[PDB]
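Q:
There are 2 protein chains.
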Amino acid sequence: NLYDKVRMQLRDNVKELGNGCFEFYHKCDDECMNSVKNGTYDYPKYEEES
Amino acid sequence: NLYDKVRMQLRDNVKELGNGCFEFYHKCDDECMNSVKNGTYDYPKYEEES
Ligand SMILES: *[C@@H]1O[C@H](CO)[C@@H](O)[C@H](O)[C@H]1NC(C)=O
Ligand SMILES: *[C@@H]1O[C@H](CO)[C@@H](O)[C@H](O)[C@H]1NC(C)=O
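Chains B and A supply the protein sequences, listed in that same order.
In short: position in the first sequence from 1, add 445, done, that's the deposited numbering.
In short: position in the second sequence from 1, add 445, done, that's the deposited numbering.
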């Protein structure tokens, strides 16, 4: 449930590695990680691969 | 189970908003919505973002 709670919060700004981890497509510093662990996250334009 | 039944039926012609809702990438009128609620849906070329 944490895995999906987090996947839904993170949407497409991350990729699943298939081993229980999410890799970010943007620099995610302590302040970001602190946001991911609770009810918030918003990083709208970090696609490079698109 | 409805969330996934619907996600599988809708595939990539929709996006998950992460709050229990699916946003369509195409105009989806009453006739479409009536199809989504039961065993049918087929909208092959509505990507704009691709
Ligand atoms: C969520 O984490 C951020 C970052 O540390 C913090 O500012 C915010 O107050 C926290 N929200 C709750 C409800 O704890
Ligand atoms: C599914 O919904 C469509 C649209 O209203 C309808 O035409 C079709 O007969 C319905 N199928 C079933 C099995 O109810």
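All residues carry an ideal CB built from backbone N, CA and C; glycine is no exception.
Determine the contact status of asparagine 479 (chain A) and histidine 471 (chain A), defining contact as a CB-CB distance below 8 Å.
A: The sequence position of residue 479 (chain A) within the second sequence is 34, counting from 1. The sequence position of residue 471 (chain A) within the second sequence is 26, counting from 1. No.
Q: Comparing alpha-carbon positions, which option in B:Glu461, B:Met453 and B:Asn483 lies nearest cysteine 466 (chain A)?
A: The residue you call residue 466 (chain A) lines up with position 21 of the second sequence. Among B:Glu461, B:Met453 and B:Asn483, the Cα nearest to that of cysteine 466 (chain A) belongs to B:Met453.
Q: Along the alpha helix (DSSP H) that carries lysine 450 (chain B), what are the first and last residues, could you check?
A: Taking the first sequence and counting its residues from 1, the one referred to as residue 450 (chain B) is at position 5. Start and end: 447 to 455.
Q: Is DSSP giving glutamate 493 (chain B) helix, strand or coil here?
A: For this step, residue 493 (chain B) is matched to residue 48 along the first sequence. Here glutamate 493 (chain B) sits in coil by DSSP.
Q: Measuring CA to CA, which of B:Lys450, B:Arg456 and B:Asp449 is closest to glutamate 492 (chain B)?
A: Here residue 492 (chain B) refers to the residue found at position 47 when the first sequence is read from its first residue. Of the candidates B:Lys450, B:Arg456 and B:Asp449, the one whose C-alpha sits nearest the C-alpha of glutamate 492 (chain B) is B:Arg456.
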